[PDB]
There are 2 protein chains.
Amino acid sequence: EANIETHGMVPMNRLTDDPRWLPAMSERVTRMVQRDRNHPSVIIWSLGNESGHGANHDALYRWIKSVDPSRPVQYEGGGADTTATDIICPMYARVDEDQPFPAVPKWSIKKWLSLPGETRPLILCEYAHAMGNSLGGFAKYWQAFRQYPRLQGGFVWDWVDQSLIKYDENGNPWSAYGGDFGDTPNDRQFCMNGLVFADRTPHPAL
Amino acid sequence: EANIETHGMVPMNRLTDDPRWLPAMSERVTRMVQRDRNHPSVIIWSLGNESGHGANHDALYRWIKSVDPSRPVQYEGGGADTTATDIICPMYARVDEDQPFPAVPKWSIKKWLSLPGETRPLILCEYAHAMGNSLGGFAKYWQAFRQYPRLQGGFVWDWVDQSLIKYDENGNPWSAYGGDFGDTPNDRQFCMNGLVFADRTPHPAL
Ligand code: NA
Ligand code: NA
Ligand code: NA
Ligand code: NA
């Protein structure tokens, strides 16, 4: 996945729809493909994450398809089924319940496969957000994956908690999150979404 | 719907795959279209019912598409998604549960829409078999019809009970079914599948 995320912009594609940022973005895609294209374990390219859908995404998708046709390209931004992706790759689409947001609806995974015109496979780029005591309903996804042939799985969010070690007054280490370093504004415990603790001890959800 | 049903044959398409019965079958389709093609209420032609899938079905489908392109043609036999139908029109396919028979599987209606290559609308030619105290789970179909755009409804089985009136020794009429006339073999109360009684009084399922 290329090092492109512009989630903080308003709207999300304010840079990725702008031709003056097309050189910057193109360097982040083309230099990744040139470095990693010989690795057999790499089977899919990604254009980045949470950057809306802009014209630069469509351009860089067509660049990768020209230079390396041996790997599908995917990209979630702008509703997860745009022309910049070969795979329908939504984040946190539910199995049976639709989430009808305005421009970017998250349809039920089962419903999304049958919308008129849609023919692509569906692989969730993020699902089953494992923040703390979580992964309720995980069996519902896997029942759906096995039953539906075009539901080909997904990628859980995520592997390891992003906590940092701080030390108390007696030098005992403790796991810290968000505003524990004086950083403000911050987003508190939301960095810790892992199936494993930061020392790689498993959570019960694993 | 043309007057063609060969459900009792083994296999079901023993006549409809046979060219020596193609003249007979062709008269039952072509004379129906010639009689009824001016009626605006007729919006879909049907090739008959429960006759497997034979080559004669594909021939008569292409005849109707040539002579009258203003109406889609459907036909359920041979698995409800053959080349003889413009609409996926299964009988008694369930909303979420698959029924994997050997040559003619009845997939879940939601799953059937997304199978690879499938692009047609889905309208059940028969569903919610109203035999007696029935129509349990009817709301599940209609939730699915409203949520899925390519699920465009279906036709309930069926309208009126097929019972006949007999009279007792004091002349009191009573509703009769299957073997009540000495007919043997017979299939008993299976003729009565209606939402209404034979005198058009409604059942509670209506
Ligand atoms: Na699958
Ligand atoms: Na997070
Ligand atoms: Na619909
Ligand atoms: Na019946």
Side-chain angles (χ1 to χ4, degrees), chain A residues 1-16 24-25 28-29 31-32 35-36 39 41-52 74-80 85 87 89-97 99 101 104 106 109 122-145 151-206:
Chain A
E1 188 159 275
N3 186 16
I4 308 166
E5 161 149 13
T6 73
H7 200 169
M9 303 302 303
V10 181
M12 210 176 292
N13 65 341
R14 179 176 287 277
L15 302 194
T16 59
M25 289 175 73
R28 278 157 193 256
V29 166
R31 295 173 73 243
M32 165 189 57
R35 183 191 77 163
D36 292 352
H39 285 297
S41 54
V42 176
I43 65 165
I44 296 167
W45 302 112
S46 172
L47 292 174
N49 181 70
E50 294 193 294
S51 301
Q74 70 171 50
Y75 175 58
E76 186 268 348
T85 180
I87 302 172
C89 49
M91 316 180 335
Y92 309 107
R94 315 196 169 173
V95 167
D96 296 315
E97 168 191 351
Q99 302 171 260
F101 311 118
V104 277
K106 294 188 184 187
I109 58 182
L122 198 148
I123 308 174
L124 300 125
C125 64
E126 301 177 20
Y127 82 112
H129 190 266
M131 177 167 175
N133 186 10
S134 186
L135 244 67
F138 199 67
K140 291 179 84 281
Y141 280 103
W142 280 89
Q143 193 262 9
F145 295 161
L151 293 180
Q152 291 189 260
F155 297 86
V156 174
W157 192 269
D158 60 357
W159 175 241
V160 59
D161 283 351
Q162 290 192 60
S163 64
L164 298 171
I165 281 290
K166 291 175 65 82
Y167 300 90
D168 72 328
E169 85 289 4
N170 289 337
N172 308 321
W174 55 273
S175 298
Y177 47 80
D180 294 336
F181 295 92
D183 50 310
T184 180
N186 65 84
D187 287 317
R188 297 147 36 246
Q189 68 267 37
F190 204 72
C191 58
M192 301 190 296
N193 324 127
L195 295 164
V196 296
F197 291 98
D199 70 334
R200 269 65 180 183
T201 286
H203 284 284
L206 174 62

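Order of the sequence lines fixes the chain letters, A, B, ..., with proteins taken first and strands second; residue numbering starts at 1 for each chain. Computed from heavy atoms alone, side chains included, the values below leave out hydrogens, waters and symmetry copies.
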For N186(A) and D183(A) the tightest heavy-atom approach is ND2-O, 2.9 Å
_For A198(A), is there any backbone N or O sitting under 3.5 Å from a side-chain donor or acceptor partner on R200(A)?_
yes
Separation between CD1 (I87(A)) and CD1 (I123(A)), nearest 0.5 Å, reads 4.5 Å
Sorted by chain and residue number, the side chain to side chain contact (heavy atoms under 4.5 Å, CB included) partners of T201(A) (sequence neighbours excluded) come out as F197(A), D199(A)
query: Are any side-chain N or O atoms of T16(A) and backbone N or O atoms of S51(A), one a donor and one an acceptor, separated by less than 3.5 Å?
result: yes
| Taking the side chain as C-beta and beyond, is there a heavy-atom pair between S163(A) and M192(A) under 4.5 Å? | yes
Sorted by chain and residue number, the salt bridge (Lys or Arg N to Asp or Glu O under 4.0 Å) partners of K166(A) (sequence neighbours excluded) come out as none
Check your understanding: Relative to the ring of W142(A), is the ring of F145(A) parallel (under 30°), tilted (30 to 60°) or perpendicular (over 60°)?
Key -> perpendicular
With sequence neighbours left out, the residues meeting side-chain hydrogen bond (donor to acceptor under 3.5 Å, both in side chains) with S46(A) are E1(A)
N193(A) side chain to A130(A) main-chain N or O, any donor-acceptor pair under 3.5 Å? no
I'd like to check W45(A) versus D36(A) (side-chain heavy atoms, cut-off strictly below 4.5 Å). Are they in contact? yes
dist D161(A):CG -> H203(A):NE2 (nearest 0.5 Å) comes out at 4.0 Å
Nearest heavy-atom approach of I4(A) to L47(A) is CD1-O, 3.8 Å
Nearest heavy-atom approach of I109(A) to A144(A) is CD1-CB, 4.2 Å
Closest non-hydrogen contact found for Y177(A) with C191(A) is CB-SG, 3.8 Å
Can you tell me if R14(A) uses its side chain to pair, donor with acceptor, with the backbone of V10(A) under 3.5 Å? yes
Nearest heavy-atom approach of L15(A) to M25(A) is O-SD, 4.5 Å
On a heavy-atom basis, the closest approach of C125(A) and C89(A) is SG-O, 3.2 Å
Name the orientation class of the two ring planes belonging to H129(A) and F190(A) (parallel below 30°, tilted from 30 to 60°, perpendicular beyond 60°). parallel
ask   = Is there a donor-acceptor contact under 3.5 Å from the side chain of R28(A) to the main chain of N3(A)?
value = yes
